[PDB]
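Taking it in order: structure first as structure tokens, then the write-up.
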Amino acid sequence: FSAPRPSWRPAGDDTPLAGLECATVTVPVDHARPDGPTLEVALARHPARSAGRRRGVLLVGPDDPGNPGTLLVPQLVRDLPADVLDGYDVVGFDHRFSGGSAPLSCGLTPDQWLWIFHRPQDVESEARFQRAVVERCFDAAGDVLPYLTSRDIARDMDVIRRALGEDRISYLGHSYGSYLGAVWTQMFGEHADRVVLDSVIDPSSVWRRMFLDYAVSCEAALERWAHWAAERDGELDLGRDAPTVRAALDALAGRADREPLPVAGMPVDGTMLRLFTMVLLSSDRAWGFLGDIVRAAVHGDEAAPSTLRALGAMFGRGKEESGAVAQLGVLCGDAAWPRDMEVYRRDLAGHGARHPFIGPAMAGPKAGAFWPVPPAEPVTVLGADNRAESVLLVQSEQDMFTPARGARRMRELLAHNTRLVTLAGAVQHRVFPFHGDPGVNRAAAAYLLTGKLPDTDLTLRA
Ligand SMILES: COC1=CC(C)=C2[C@@H](Nc3ccc(O)c4c3C(=O)c3ccccc3C4=O)C#CCCC#C[C@H]1[C@@H]2C=O
């Protein structure tokens, strides 16, 4: 496919990309039909600060499906070690049908944007709720949704590499970006220079198995936070023991299921409240925020303005329906979900009830069960034939969203070309470089700049 060189221009100082460059790259909707329709994939670049030390391009993928990867470049400019920013053009992209790359709008209600985490009433009612999301999105975008897959994004990534005029390219990806990098190396690894995958999705869990295991991780994180909160009943007044704290949290969410809780003039229902809980759960540096909002909502008080500025971030003016549709296409389209409602009925009553905070939303009949198109391709198989010269895995020992088991699995599947750096003591998600750990950042920067993996898998302590 014809990949002309991008037309870089300074991003406006009225944008979150101020100080960077912006461009688009043309990709075909159907990579098998390169003369068919196309779309423009948005890019953002921070050029290497030192031409004499320039190694090439560090391509950066989105960290969640639907999350604009261009917005990672300012975060990376802020936190990356200086010699990395000296040596690489940092180039982030918004994956097809998200962000500024032809985002989709299908008329979804705000309640439907949270289809992943939606609390079910029963199998019958949730099957109706989730199928409705599918039929709504296919009514408005059924022409392109079959081309919103992880492998098609990986195809876009190689068009971008060629449009940038690079024979070899480096890659950094977090969470979903770790999977995009893995898939891209399996498909195009002969073009890989240095690769860092951080907070590593288990590539054998695509995707329902990941849903089910997340319910377990969430329970474990809630138990560690309930103990932490219990040790602080003298500030939060939620209980002097974890089960008492959990019971308060549980009842709060139960009321929110009945009646939306007014938070700074916006209704917060049980699904939204549980989502805010889980996001704050994922980093122990955010556990104080969680204590604050639970304390306030329980006692009918107001949360600190700082706490609300995290809530306004995830469900106020920032939020986008385009992200929910992007999640739908990737999560339902990469692999065929079980169609039989018996599977979901049983898993709700067993696994869901055993992991009650988010288990029911994870085990019940999700939109993928009702997908109207067959899978276009198998799930990418990672293995010994991966042609990437080297891949560094970076992983927090305690990560609620992408547990360390996924990184360990990737380390086995790609045993021939990977090394694993684990950060112990970290209750964190997305480590390099945003966590600011000197050990992790030094090791990852040395690899990116020398191309040398650690001699052995490393376990560092924060
Ligand atoms: C591959 O698809 C996904 C992978 C992972 C790990 C997903 C992960 N959610 C997140 C993982 C890391 C995050 O920082 C976040 C989120 C959010 O949900 C989120 C929602 C609203 C505001 C902020 C966040 C958020 O900050 C969880 C779970 C279960 C099923 C599915 C899928 C999506 C899904 C994120 O996209």
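Don't worry about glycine lacking a Cβ; one is built from the backbone with ideal geometry, like all the others, and counts go over all protein chains shown. Here, each number is a calculation from the coordinates, and none is a lab measurement.
Values for this structure:
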{"quantity": "Residue ID - farthest from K366 (Cα to Cα), chosen from residues in region 310-319 that are away from the ligand (no atom under 11 Å from the Cβ) and in contact (Cβ under 8 Å) with a residue 24 or more places away in the chain", "calculated": "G312"}
{"quantity": "Candidates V77, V84, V60, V133, filtered to the one that is of a type in the set (V, I, T) and within 29 Å of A361 (Cβ to Cβ)", "calculated": "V133"}
{"quantity": "Region 392-409 residues that are without any contact (Cβ under 8 Å) to a residue 12 or more places away in the chain and within 13 Å of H429 (Cα to Cα), paired with ones that are more than 14 Å from the ligand (Cβ to nearest atom) and of a type in the set (V, I, T) (beta carbon under 9 Å, 6 or more apart)", "calculated": "none"}
{"quantity": "Selection count, region 346-378, where residues are assigned to a helix (DSSP H, G or I) and within 22 Å of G254 (Cα to Cα)", "calculated": "13"}
{"quantity": "Residue ID - nearest to the ligand (Cβ to nearest atom), chosen from residues in region 96-116 that are surrounded by 18 or more Cβ atoms within 10 Å (Cβ to Cβ) and more than 24 Å from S7 (Cα to Cα)", "calculated": "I116"}
{"quantity": "Enumeration of residues in region 269-310 that are among the β-branched types (V, I, T) and either buried (at least 20 other Cβ atoms within 10 Å of the Cβ) or closer than 19 Å to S217 by Cα (or both)", "calculated": "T271, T277, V279, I293, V294, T307"}
{"quantity": "Residue that is nearest to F401 (Cα to Cα) [pool: residues in region 117-150 that are within 14 Å of the ligand (Cβ to nearest atom) and of a type outside the set (S, T, N, Q)]", "calculated": "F117"}
{"quantity": "Residue list for region 316-328, filter: out of contact with any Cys (no Cβ under 8 Å at 6 or more places or on another chain) and surrounded by 19 or more Cβ atoms within 10 Å (Cβ to Cβ)", "calculated": "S322, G323, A324, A326, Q327"}
{"quantity": "Residue among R208, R224 that alone is out of contact with any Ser or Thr (no Cβ under 7 Å at 6 or more places or on another chain), within 11 Å of the ligand (Cβ to nearest atom), over 25 Å from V60 (Cβ atoms) and not small (G, A, S)", "calculated": "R208"}
{"quantity": "Test result for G36, within 24 Å of the chain's Cα centre (by Cα), surrounded by fewer than 17 Cβ atoms within 10 Å (Cβ to Cβ) and assigned to a loop (DSSP other than H, G, I, E, B)", "calculated": "no"}
{"quantity": "Single match in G99, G56 (criterion: farther than 24 Å from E166 by Cα and not polar (S, T, N, Q))", "calculated": "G99"}
{"quantity": "Members of region 386-400 found to be part of a loop (DSSP other than H, G, I, E, B) and touching a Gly at 6+ places or on another chain (Cβ under 9 Å), listed by number", "calculated": "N386, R387, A388, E389, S390, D399"}
{"quantity": "Pick from region 275-294, criterion away from the ligand (no atom under 13 Å from the Cβ) and of a type in the set (V, I, T), ranking: nearest to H227 (Cα to Cα)", "calculated": "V294"}
{"quantity": "Among the residues listed as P37, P16, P28, the single one being more than 16 Å from the ligand (Cβ to nearest atom), farther than 24 Å from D193 by Cβ and in contact with a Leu (Cβ under 7 Å, 6 or more places away or on another chain)", "calculated": "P16"}
{"quantity": "Residues being free of Cβ contacts under 8 Å to residues at least 60 places away in the same chain, of a type outside the set (A, V, I, L, M, F, W, C) and touching a strand residue (DSSP E or B) at 6+ places or on another chain (Cβ under 9 Å) - total across region 57-88", "calculated": "3"}
{"quantity": "Criterion: within 29 Å of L222 (Cβ to Cβ) and either surrounded by 24 or more Cβ atoms within 10 Å (Cβ to Cβ) or away from the ligand (no atom under 16 Å from the Cβ) (or both) - qualifying residue of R387, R408", "calculated": "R408"}
{"quantity": "Residue list for region 60-75, restricted to those being more than 16 Å from the ligand (Cβ to nearest atom) and over 25 Å from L328 (Cβ atoms)", "calculated": "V73, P74"}
{"quantity": "Region 76-95, subset assigned to a strand (DSSP E or B) and closer than 24 Å to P438 by Cα, residue farthest from the ligand (Cβ to nearest atom)", "calculated": "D89"}
{"quantity": "Contacts under 8 angstrom Cβ, first residue in region 353-372 being over 16 Å from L275 (Cα atoms), partner within 11 Å of the ligand (Cβ to nearest atom) and part of a loop (DSSP other than H, G, I, E, B), 6 or more apart", "calculated": "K366/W115; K366/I116; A367/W115; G368/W207"}
